[PDB]
Amino acid sequence: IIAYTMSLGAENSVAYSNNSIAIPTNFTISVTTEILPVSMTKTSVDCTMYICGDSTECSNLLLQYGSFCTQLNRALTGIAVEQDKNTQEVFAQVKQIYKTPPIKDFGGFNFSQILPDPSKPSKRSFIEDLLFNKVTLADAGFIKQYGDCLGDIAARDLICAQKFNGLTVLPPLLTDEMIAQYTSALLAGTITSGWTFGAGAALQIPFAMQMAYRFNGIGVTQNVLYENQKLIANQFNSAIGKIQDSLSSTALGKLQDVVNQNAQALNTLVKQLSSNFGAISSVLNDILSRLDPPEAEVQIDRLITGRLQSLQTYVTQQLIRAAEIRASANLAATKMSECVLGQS
Amino acid sequence: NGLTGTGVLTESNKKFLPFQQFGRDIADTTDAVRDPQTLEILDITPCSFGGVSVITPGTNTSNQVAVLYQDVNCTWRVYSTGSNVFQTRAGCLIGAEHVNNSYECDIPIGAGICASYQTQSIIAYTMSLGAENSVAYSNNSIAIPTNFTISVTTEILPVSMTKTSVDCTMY
Amino acid sequence: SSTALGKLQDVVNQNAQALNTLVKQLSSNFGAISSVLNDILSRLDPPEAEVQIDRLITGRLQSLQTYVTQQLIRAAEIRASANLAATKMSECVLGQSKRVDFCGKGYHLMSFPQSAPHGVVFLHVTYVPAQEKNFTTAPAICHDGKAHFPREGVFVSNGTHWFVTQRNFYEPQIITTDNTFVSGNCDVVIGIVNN
Amino acid sequence: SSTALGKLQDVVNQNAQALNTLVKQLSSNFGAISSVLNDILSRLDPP
Amino acid sequence: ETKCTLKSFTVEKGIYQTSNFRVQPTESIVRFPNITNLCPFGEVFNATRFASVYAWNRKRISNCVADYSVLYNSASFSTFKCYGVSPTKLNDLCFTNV
Ligand SMILES: *[C@@H]1O[C@H](CO)[C@@H](O[C@@H]2O[C@H](CO)[C@@H](O)[C@H](O)[C@H]2NC(C)=O)[C@H](O)[C@H]1NC(C)=O
Ligand SMILES: *[C@@H]1O[C@H](CO)[C@@H](O[C@@H]2O[C@H](CO)[C@@H](O)[C@H](O)[C@H]2NC(C)=O)[C@H](O)[C@H]1NC(C)=O
Ligand SMILES: *[C@@H]1O[C@H](CO)[C@@H](O[C@@H]2O[C@H](CO)[C@@H](O)[C@H](O)[C@H]2NC(C)=O)[C@H](O)[C@H]1NC(C)=O
Ligand SMILES: *[C@@H]1O[C@H](CO)[C@@H](O[C@@H]2O[C@H](CO)[C@@H](O)[C@H](O)[C@H]2NC(C)=O)[C@H](O)[C@H]1NC(C)=O
Ligand SMILES: *[C@@H]1O[C@H](CO)[C@@H](O[C@@H]2O[C@H](CO)[C@@H](O)[C@H](O)[C@H]2NC(C)=O)[C@H](O)[C@H]1NC(C)=O
Ligand SMILES: *[C@@H]1O[C@H](CO)[C@@H](O)[C@H](O)[C@H]1NC(C)=O
Ligand SMILES: *[C@@H]1O[C@H](CO)[C@@H](O)[C@H](O)[C@H]1NC(C)=O
Ligand SMILES: *[C@@H]1O[C@H](CO)[C@@H](O)[C@H](O)[C@H]1NC(C)=O
Ligand SMILES: *[C@@H]1O[C@H](CO)[C@@H](O)[C@H](O)[C@H]1NC(C)=O
Ligand SMILES: *[C@@H]1O[C@H](CO)[C@@H](O)[C@H](O)[C@H]1NC(C)=O
Ligand SMILES: *[C@@H]1O[C@H](CO)[C@@H](O)[C@H](O)[C@H]1NC(C)=O
Ligand SMILES: *[C@@H]1O[C@H](CO)[C@@H](O)[C@H](O)[C@H]1NC(C)=O
Ligand SMILES: *[C@@H]1O[C@H](CO)[C@@H](O)[C@H](O)[C@H]1NC(C)=O
C-alpha cells in the first residue's frame with residue numbers, strides 16, 4: 001500500500017503573443033453519454049401489520065397512535081404520485097407518436113442502433129437493450145402470490161420477508177414499453193423534422209440540410225458540411241459504434257445506486273424488528289404469554305414506541321431522497337427540451 | 001409448550017439438533033417448532049398477505065367501487081368474486097369491465113392500465129399515449145410555413161408559503 | 001373567469017392540514033392513563049403523576065418535531081420553485097429567451113407577469129407557424145461550374161422555377177449574387193441542381 | 001479590504017452551532033433521576 | 001374502510017390503499033408433551049425436615065404435571081411472589097430446568 005499526493009492534471013502552457021492566433025484546420029464529431037435518474041421505487045406501509053402483526057391486544061393498544069400512521073401514509077403517497085409526475089415531465093413532452101419512414105436515406109448517417117428493433121417482443125433499440133441488462137432490479141414483476149412463498153421460502157426471500165411485515169412496492173404507471181414508444185417518437189421527430197416538431201407542427205427537411213443548419217448555429221458555414229459530408233457521416237457512425245462497444249463491454253452506477261438505496265432501506269426496516277427498545281423481549285408472543293394484560297401493556301408500549309419511530313425515520317429519509325430525485329428529473333426534463341428539441 | 005401464536009403450520013425440511021426446540025428468523029420471530037409429541041419439525045407462516053386498493057368514482061356520484069388485489073393471479077384470496085374479473089400486471093381487478101378502446105388516463109390503476117366511470121359502470125382500459133402521426137420524409141422535400149399564429153399561454157408558480165410560529169409551553 | 005390554480009391552492013391546503021393535524025394529535029395518550037393533564041393532576045399526587053406527565057411530554061414533543069421536519073422539507077421545495085420563478089422573471093420578462101420550451105410552447109416573443117396569492121402567473125406570448133406547404137429543395141445551385149449556397153435562406157422550387165426563401169416564413173425571391181455566396185465547383189455537393 | 005462574505009460565514013456558524021447544541025444537550029434528564037451515568041450507576045443497582 | 005381512515009363521510013374520485021388482506025384463524029390447538037405423573041407437591045411442601053439456611057437444599061424436578069390446585073386443601077402460604085412471569089399464566093406454560 002502506497003500513499004502519495006494527488007496530481008491535479010498535466011501541465012500546459014499557451015504560446016501567447018500579441019499578434020499570434022491559432023486556427024483549426026479539421027474537426028471531429030464526438031458522441032458522449034449522460035445518465036440521469038428520473039424515478040425511484042414507490043412503496044407503501046401497513047402500520048398495523050408492521051408494528052403489531054396479527055396481535056389483537058397490540059392492535060387495540062395502537063389506537064392511540066392512528067394519526068401518526070395516517071400521516072406516514074400521506075407522506076408516502078405524495079412521494080408515490082410525484083414519481084409518476086416526474087416520468088411524465090421527462091418523457092411525455094410531445095403528444096404525437098411520430099414514426100420514421102422506411103426511407104432510410106439520411107445522407108449517409110446510420111441510426112440503426114438507436115432506432116426501434118421490430119424483431120424484439122418490445123420495440124426497444126439495440127442500445128436500450130444493452131442498457132436494460134446493466135441494471136439489476138429487485139422485483140421481476142409485481143405479482144408474488146401467497147402460495148409461492150409458503151413455508152421456509154419466507155425469510156429466505158427478502159421480498160416475502162418484506163411483504164409479511166406490511167411493506168409493499170407498487171408498480172409504475174407507465175410500463176417500459178410505453179417509455180420506449182415515447183423515446184422512439186422523439187427520435188423519429190428529431191431526425192425527420194429537426195427542431196420544428198418542438199415548436200408546432202413537424203415540418204420535414206432532408207437530414208443533410210438540417211445538419212447544415214446546425215453547422216450554421218455554431219459559427220461554421222454550410223459549405224464546410226456539404227463538402228465534407230462523407231467524412232462527417234463516417235465519423236458519426238464510428239462514434240456511435242464506439243458507444244455500443246464500450247457499453248456491451250464494461251457502467252450505470254448512478255442508476256444502480258437508486259435501486260440499491262431503496263432495497264437497503266426496506267431491509268433495514270425489516271431487521272429493526274429485532275430490537276427490544278428497553279422491553280424484556282422483541283416478540284409480542286413472548287410478552288403476551290408469560291405476562292397478563294395490565295403489566296404486559298408496559299412492554300407492548302415500549303415496543304410500539306420504538307417501531308413507530310423506526311417507521312418515522314424511514315419516511316423522513318424517503319422524503320429527503322425524493323426531493324433529490326425530483327431535482328434530477330427536473331434537470332432531465334430541461335435537457336430534453338433544450339438539447340433534444342433544439343440546439344443549445 | 002406454552003408459546004402462543006397464530007398462523008399456518010406446514011411440514012418442514014429443517015433439522016434441529018437434539019437440544020433445540022424453537023427456530024427463529026432474522027426478525028427474531030419463531031418460524032419453526034418441534035412438535036413435542038411426534039418430534040417432527042414444522043414451519044409457521046403468517047396468515048395475512050397482499051395489498052388491496054379500492055377504486056371509487058366518488059361517493060357524490062355513486063357507491064359503486066372496484067377492488068384491486070395487488071397480489072392475486074386468477075386464470076382465491078379475495079373478499080368477493082362478483083362479475084367482471086380482469087387480470088392485470090398490477091393485480092386482479094374486480095368490479096370493472098374491460099374494454100378494447102383507449103383514452104387518456106382518468107384513474108391510474110398502474111402497469112399501463114387506467115379506469116373510469118363511463119357507460120353507468122366502471123371500465124378499465126389501456127391508456128393511450130397519443131395520436132399516431134407520420135412525416136412525409138424524402139431526400140428532396142421541405143415544408144415551409146405560410147402563415148402564423150400569436151399564442152398566449154399561462155404558467156403558474158408558487159413563491160411562498162405560510163409563516164408559522166409555535167409556543168412549546170402552551171402546546 | 002369561466003373555470004384553475006390548483007398548484008397555488010395545494011400550498012394553502014397543505015399548511016392548513018398540517019396545523020389541524022397538530023391540533024388533533026392532542027388527543028393521544030402516548031401510553032398514559034389519559035390525554036388531559038387535569039385528569040392526571042387531579043386523582044394523582046406529584047411523584048406518581050410525574051410518570052404520566054412525562055409520557056405526555058415526550059409524545060407531544062415528538063409531534064412538534066415531526067411537524068417542524070416536514071415544514072423544512074416543504075420549504076426546500078418552495079425555495080426551488082421560487083428560484084425557478086426568479087429565473088423566469090429575469091429571462092422571459094426582462095429579455096427574450098432562445099431556450100426551447102422555457103417561456104412557453106413556440107418561439108418566445110415576450111412575457112407579462114401577474115401576481116397571484118402566494119405565487120406568480122406568467123403570460124407567455126409566442127409565435128407558432130401555420131399553414132405549411134410542400135416544396136422541392138436543393139442544397140446548392142450550379143451556374144458556371146461554381147456552387148452557390150444561400151446566405152440566410154433555403155432554395156425551394158414551385159415545380160418549375162427556383163427561388164430562395166427564409167426558413168420560417170414563405171417569401172420567395174429571385175436567386176441573385178446578393179442572396180448567395182460561391183464556394184468551390186459543382187463536383188462535390190451531393191444533390192446540387194442546375195439553374 | 002475595506003468592509004462582507006456573510007453567505008460563506010453563515011455555513012461555518014451553522015455547523016459550529018449544531019455541534020455545540022449537541023454537546024449541551026447532554027445535560028438533559030429526559031425523565032430520569034439525573035443526567036450523569038456515574039450518579040445512576042453509583043447509588044443504584046443493575047436491574 | 002376508506003371513509004373511516006379518511007375520517008369523513010364523503011370520498012372523492014380516485015384510488016386508495018386499504019389494509020392488507022387478512023385471514024382469520026378457524027381453530028385453536030394445544031400441543032404439550034406426553035406427561036402423566038403429578039409433581040412431588042407432597043414431598044417438597046409436606047416434608048418432615050427442612051434444611052438449615054446456611055446449607056439450604058436444592059432439588060431437581062422433571063417429568064411431571066404442575067397442577068398446584070392440589071395444594072388448596074392442605075396448605076396455606078403467607079408469602080407467594082413470582083418474578084418474570086404472571087401467576088395467572090402459570091397454568092398455560094411449560095417450564096425448563098426446574
Ligand atoms: C505555435 O508557435 C509556438 C511558438 O514556437 C509553438 O510553441 C512552443 O513550442 C515549444 C516546443 O513545443 C515549447 O518549448 C515552447 O514553450 C512553446 N511556446 C513558446 C515558445 O512560447 C507551438 O508549437 C506552435 N503551435 C502550433 C500548433 O504549431
Ligand atoms: C481530417 O481528419 C480525418 C480523420 O478524422 C482525415 O481522414 C483520414 O485520413 C487518413 C489518411 O488519409 C485515413 O487513414 C483515414 O481513414 C481517414 N479517416 C476517415 C474517417 O476517413 C482527413 O484526411 C483530415 N483532413 C485534412 C485536410 O487533414
Ligand atoms: C392567415 O391567417 C389568418 C387567420 O388567423 C387569416 O385571416 C382570417 O381570414 C378569414 C377569411 O378571410 C377571416 O374570416 C378572419 O376574420 C381572418 N382572421 C383575422 C384574425 O383577421 C389570413 O387570411 C391568413 N393569411 C393567408 C395569407 O392565408
Ligand atoms: C412558379 O412561379 C412562377 C413565378 O415566377 C410562375 O411563372 C410565372 O407565372 C405567371 C402567372 O402564371 C406568368 O405571368 C409568368 O409569365 C410566369 N413566368 C415568369 C418568369 O414569371 C410559374 O407558373 C410557377 N409554377 C408553378 C408550377 O406554379
Ligand atoms: C405419546 O402418546 C401417543 C399416544 O397417546 C403415542 O403415539 C403412538 O405412537 C406410536 C408410534 O411408535 C404409534 O404406533 C401409536 O399408534 C401412537 N398412539 C396413538 C394413540 O396415536 C406416542 O408414541 C407418545 N410419545 C412417545 C414419545 O412415545
Ligand atoms: C448500419 O450499420 C449496421 C452495423 O451496426 C449495418 O448492419 C447496416 O448495414 C448499416 N446500414 C447501412 C445502410 O449500411
Ligand atoms: C357533493 O355534495 C355537496 C353537498 O351535498 C355539494 O355541495 C357538491 O356540489 C356535490 N358535488 C358536486 C360535484 O356537485
Ligand atoms: C398469472 O399467471 C400466468 C400463468 O400462470 C402468468 O403468465 C402471468 O404472468 C400471471 N400474472 C401476471 C400478470 O404476472
Ligand atoms: C376486444 O379485444 C379482444 C382481443 O382479442 C377481441 O377478441 C374482442 O373481439 C374485442 N372486443 C370485445 C371482446 O369487446
Ligand atoms: C406533402 O406531400 C406528402 C406526399 O404526398 C403528403 O403526404 C402531404 O399531405 C403533403 N403536405 C402538405 C402540407 O401538403
Ligand atoms: C435521393 O434519392 C433518390 C432515390 O429516389 C436518388 O436517385 C438521388 O440520387 C438522391 N439524391 C440525394 C441528393 O441524396
Ligand atoms: C448541369 O449542367 C452541366 C453543364 O451544363 C451538365 O454537364 C450536367 O450534366 C448538368 N446536370 C444535369 C443533371 O443535367
Ligand atoms: C400432607 O399432610 C396432610 C396431613 O397429613 C395431608 O392432608 C396431605 O395429603 C399431605 N400431603 C401429601 C402430598 O401427601
# chains A, B, ... in the order shown; residues from 1 in each chain; ligands from 1
$ residues_around --residues "range 35-41 of chain E" --least-positions-apart "6" --cutoff "6 Å" --atoms "only C-alpha atoms" --output "count of residues only"
3
$ residues_around --residues "residue 109 in chain B" --least-positions-apart "6" --cutoff "10 Å" --atoms "only C-alpha atoms" --output "list in words"
residues 171, 172 and 173 of chain A; 53, 54, 55, 68, 88, 90, 91, 93, 115, 124, 125 and 126 of chain B; 14 and 15 of chain E
$ atom_distance --atom1 "CA of residue 202 in chain A" --atom2 "atom 9 (O, counted along the ligand's line) of ligand 10"
12.0 Å
$ interface_residues --of "chain A" --to "chain C" --cutoff "9 Å" --atoms "only C-alpha atoms" --output "ChimeraX atom specification"
/A:61,63-68,71,107,198-201,203-206,208-209,222-223,226-229,297-298,301-302,305,312,316,319-320,323,327,334,337-339,341-344
$ residues_near_ligand --ligand "ligand 1" --cutoff "12 Å" --atoms "only C-alpha atoms and all ligand atoms" --output "PyMOL selection string"
chain A and resi 11-25
$ write_last_selection --atoms "C-alpha atoms" --output "PDB file, in the first residue's frame"
ATOM      1  CA  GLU A  11       0.866  20.950 -17.018  1.00  0.00           C
ATOM      2  CA  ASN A  12       0.379  23.067 -20.108  1.00  0.00           C
ATOM      3  CA  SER A  13       1.411  26.427 -21.495  1.00  0.00           C
ATOM      4  CA  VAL A  14      -0.190  28.576 -24.187  1.00  0.00           C
ATOM      5  CA  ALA A  15       2.073  30.282 -26.722  1.00  0.00           C
ATOM      6  CA  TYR A  16       0.538  33.700 -26.175  1.00  0.00           C
ATOM      7  CA  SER A  17       1.834  36.676 -28.132  1.00  0.00           C
ATOM      8  CA  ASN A  18       0.248  39.970 -29.131  1.00  0.00           C
ATOM      9  CA  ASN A  19      -0.031  39.064 -32.817  1.00  0.00           C
ATOM     10  CA  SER A  20      -0.417  35.286 -32.963  1.00  0.00           C
ATOM     11  CA  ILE A  21      -3.572  33.247 -33.477  1.00  0.00           C
ATOM     12  CA  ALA A  22      -4.309  29.543 -33.813  1.00  0.00           C
ATOM     13  CA  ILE A  23      -6.980  28.389 -36.256  1.00  0.00           C
ATOM     14  CA  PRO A  24      -8.296  24.818 -36.570  1.00  0.00           C
ATOM     15  CA  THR A  25      -7.980  23.035 -39.889  1.00  0.00           C
TER      16      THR A  25
END
$ interface_residues --of "chain E" --to "chain A" --cutoff "6 Å" --atoms "only C-alpha atoms" --output "JSON, numbers by chain"
{"E": [85, 86, 89]}
$ interface_residues --of "chain C" --to "chain D" --cutoff "9 Å" --atoms "only C-alpha atoms" --output "VMD selection string"
chain C and resid 50 to 51 54 58
$ write_last_selection --atoms "N, CA, C and O atoms" --output "PDB file, in the first residue's frame"
ATOM      1  N   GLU C  50     -46.045  12.299  37.854  1.00  0.00           N
ATOM      2  CA  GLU C  50     -44.928  12.713  37.015  1.00  0.00           C
ATOM      3  C   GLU C  50     -44.631  11.699  35.919  1.00  0.00           C
ATOM      4  O   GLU C  50     -44.190  12.074  34.835  1.00  0.00           O
ATOM      5  N   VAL C  51     -44.879  10.414  36.169  1.00  0.00           N
ATOM      6  CA  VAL C  51     -44.629   9.420  35.129  1.00  0.00           C
ATOM      7  C   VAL C  51     -45.573   9.632  33.952  1.00  0.00           C
ATOM      8  O   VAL C  51     -45.157   9.628  32.783  1.00  0.00           O
ATOM      9  N   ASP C  54     -44.713  12.761  32.109  1.00  0.00           N
ATOM     10  CA  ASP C  54     -43.531  12.536  31.288  1.00  0.00           C
ATOM     11  C   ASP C  54     -43.889  11.854  29.981  1.00  0.00           C
ATOM     12  O   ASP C  54     -43.367  12.214  28.918  1.00  0.00           O
ATOM     13  N   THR C  58     -43.207  13.637  26.309  1.00  0.00           N
ATOM     14  CA  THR C  58     -42.430  13.016  25.243  1.00  0.00           C
ATOM     15  C   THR C  58     -43.239  12.906  23.959  1.00  0.00           C
ATOM     16  O   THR C  58     -42.753  13.258  22.873  1.00  0.00           O
TER      17      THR C  58
END
$ residues_near_ligand --ligand "ligand 9" --cutoff "9 Å" --atoms "only C-alpha atoms and all ligand atoms" --output "PyMOL selection string"
chain B and resi 98-101
$ write_last_selection --atoms "N, CA and C atoms" --output "PDB file, in the first residue's frame"
ATOM      1  N   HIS B  98     -63.667  -4.734 -18.667  1.00  0.00           N
ATOM      2  CA  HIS B  98     -62.550  -4.480 -19.564  1.00  0.00           C
ATOM      3  C   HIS B  98     -63.055  -4.150 -20.961  1.00  0.00           C
ATOM      4  N   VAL B  99     -62.553  -3.056 -21.525  1.00  0.00           N
ATOM      5  CA  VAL B  99     -62.927  -2.623 -22.860  1.00  0.00           C
ATOM      6  C   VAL B  99     -61.692  -2.656 -23.750  1.00  0.00           C
ATOM      7  N   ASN B 100     -61.923  -2.555 -25.054  1.00  0.00           N
ATOM      8  CA  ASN B 100     -60.837  -2.592 -26.025  1.00  0.00           C
ATOM      9  C   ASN B 100     -60.382  -1.222 -26.519  1.00  0.00           C
ATOM     10  N   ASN B 101     -61.097  -0.168 -26.134  1.00  0.00           N
ATOM     11  CA  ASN B 101     -60.714   1.160 -26.574  1.00  0.00           C
ATOM     12  C   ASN B 101     -59.497   1.643 -25.794  1.00  0.00           C
TER      13      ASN B 101
END
$ residues_around --residues "range 240-249 of chain A" --least-positions-apart "5" --cutoff "12 Å" --atoms "only C-alpha atoms" --output "list in words"
residues 29, 30, 31, 32, 33, 34, 109, 110, 111, 112, 113, 114, 125, 126, 127, 128, 129, 130, 131, 132, 133, 134, 233, 234 and 235 of chain A
$ atom_distance --atom1 "CA of residue 123 in chain C" --atom2 "CA of residue 109 in chain C"
10.9 Å
$ select_by_dssp --residues "range 15-44 of chain C" --states "alpha helix (DSSP H)" --output "PyMOL selection string"
chain C and resi 15-24+37-41
$ write_last_selection --atoms "N, CA, C and O atoms" --output "CSV table (one decimal), in the first residue's frame"
chain,number,residue,atom,x,y,z
C,15,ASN,N,-50.6,23.5,4.3
C,15,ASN,CA,-50.3,24.2,5.5
C,15,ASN,C,-51.4,24.1,6.5
C,15,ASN,O,-51.2,23.8,7.7
C,16,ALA,N,-52.7,24.3,6.1
C,16,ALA,CA,-53.8,24.2,7.0
C,16,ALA,C,-54.0,22.8,7.5
C,16,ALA,O,-54.2,22.6,8.7
C,17,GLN,N,-53.8,21.8,6.7
C,17,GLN,CA,-54.0,20.4,7.2
C,17,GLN,C,-52.9,20.1,8.2
C,17,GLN,O,-53.1,19.3,9.1
C,18,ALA,N,-51.7,20.6,8.0
C,18,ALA,CA,-50.6,20.3,8.9
C,18,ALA,C,-50.9,20.9,10.3
C,18,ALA,O,-50.8,20.2,11.3
C,19,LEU,N,-51.4,22.1,10.3
C,19,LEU,CA,-51.7,22.7,11.6
C,19,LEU,C,-52.9,22.0,12.3
C,19,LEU,O,-52.9,21.8,13.5
C,20,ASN,N,-53.9,21.6,11.5
C,20,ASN,CA,-55.1,20.9,12.1
C,20,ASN,C,-54.7,19.6,12.6
C,20,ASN,O,-55.2,19.1,13.6
C,21,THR,N,-53.8,18.9,11.9
C,21,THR,CA,-53.3,17.6,12.4
C,21,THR,C,-52.6,17.8,13.7
C,21,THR,O,-52.7,16.9,14.6
C,22,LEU,N,-51.7,18.8,13.8
C,22,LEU,CA,-51.1,19.1,15.1
C,22,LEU,C,-52.2,19.2,16.2
C,22,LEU,O,-52.0,18.7,17.3
C,23,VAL,N,-53.3,19.9,15.9
C,23,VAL,CA,-54.3,20.2,17.0
C,23,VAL,C,-54.9,18.9,17.4
C,23,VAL,O,-55.1,18.6,18.6
C,24,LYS,N,-55.3,18.0,16.4
C,24,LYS,CA,-56.0,16.8,16.8
C,24,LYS,C,-55.0,15.8,17.5
C,24,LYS,O,-55.5,14.9,18.2
C,37,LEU,N,-54.2,16.8,31.1
C,37,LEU,CA,-53.3,17.0,32.2
C,37,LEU,C,-54.2,17.2,33.5
C,37,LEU,O,-53.7,17.0,34.6
C,38,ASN,N,-55.4,17.7,33.4
C,38,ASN,CA,-56.2,17.9,34.6
C,38,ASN,C,-56.8,16.7,35.2
C,38,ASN,O,-57.2,16.7,36.3
C,39,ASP,N,-57.0,15.7,34.4
C,39,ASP,CA,-57.4,14.4,34.9
C,39,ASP,C,-56.3,13.6,35.6
C,39,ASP,O,-56.5,12.8,36.4
C,40,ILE,N,-55.1,13.9,35.1
C,40,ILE,CA,-53.9,13.3,35.8
C,40,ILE,C,-53.6,14.0,37.1
C,40,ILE,O,-53.4,13.4,38.1
C,41,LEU,N,-53.5,15.4,37.0
C,41,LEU,CA,-53.1,16.1,38.2
C,41,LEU,C,-54.1,16.1,39.3
C,41,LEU,O,-53.8,16.4,40.5
$ closest_residue --among "E:1, E:27, E:12, E:43" --to "ligand 7" --atoms "only C-alpha atoms and all ligand atoms"
E:12
$ residues_around --residues "residue 62 in chain E" --least-positions-apart "4" --cutoff "9 Å" --atoms "only C-alpha atoms" --output "PyMOL selection string"
chain E and resi 39+96-98
$ decode --residues "range 134-167 of chain B" --atoms "C-alpha atoms" --output "JSON list (two decimals), in the first residue's frame"
[["chain", "number", "residue", "atom", "x", "y", "z"],
["B", 134, "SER", "CA", -46.15, 10.12, -39.86],
["B", 135, "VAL", "CA", -43.83, 12.63, -41.51],
["B", 136, "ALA", "CA", -43.59, 12.65, -45.30],
["B", 137, "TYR", "CA", -39.80, 12.46, -45.32],
["B", 138, "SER", "CA", -37.94, 12.39, -48.62],
["B", 139, "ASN", "CA", -34.41, 13.39, -49.59],
["B", 140, "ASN", "CA", -35.50, 16.47, -51.53],
["B", 141, "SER", "CA", -38.72, 17.69, -49.90],
["B", 142, "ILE", "CA", -39.20, 20.55, -47.47],
["B", 143, "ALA", "CA", -42.21, 22.11, -45.77],
["B", 144, "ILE", "CA", -42.33, 25.88, -45.28],
["B", 145, "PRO", "CA", -44.97, 27.76, -43.26],
["B", 146, "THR", "CA", -47.06, 30.39, -44.99],
["B", 147, "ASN", "CA", -48.93, 31.94, -42.04],
["B", 148, "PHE", "CA", -48.53, 32.21, -38.28],
["B", 149, "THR", "CA", -50.45, 32.44, -35.03],
["B", 150, "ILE", "CA", -49.74, 34.54, -31.96],
["B", 151, "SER", "CA", -50.30, 32.34, -28.92],
["B", 152, "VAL", "CA", -50.62, 33.38, -25.28],
["B", 153, "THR", "CA", -50.23, 30.78, -22.54],
["B", 154, "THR", "CA", -50.22, 30.85, -18.75],
["B", 155, "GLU", "CA", -47.73, 29.37, -16.32],
["B", 156, "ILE", "CA", -48.35, 29.29, -12.56],
["B", 157, "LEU", "CA", -45.58, 29.10, -9.98],
["B", 158, "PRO", "CA", -45.71, 29.05, -6.16],
["B", 159, "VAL", "CA", -43.43, 31.56, -4.47],
["B", 160, "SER", "CA", -44.18, 31.50, -0.72],
["B", 161, "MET", "CA", -45.97, 29.53, 1.95],
["B", 162, "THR", "CA", -47.46, 30.47, 5.30],
["B", 163, "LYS", "CA", -45.11, 31.61, 8.05],
["B", 164, "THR", "CA", -45.96, 29.97, 11.36],
["B", 165, "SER", "CA", -44.66, 30.01, 14.91],
["B", 166, "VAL", "CA", -45.23, 27.70, 17.87],
["B", 167, "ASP", "CA", -45.19, 28.24, 21.62]]
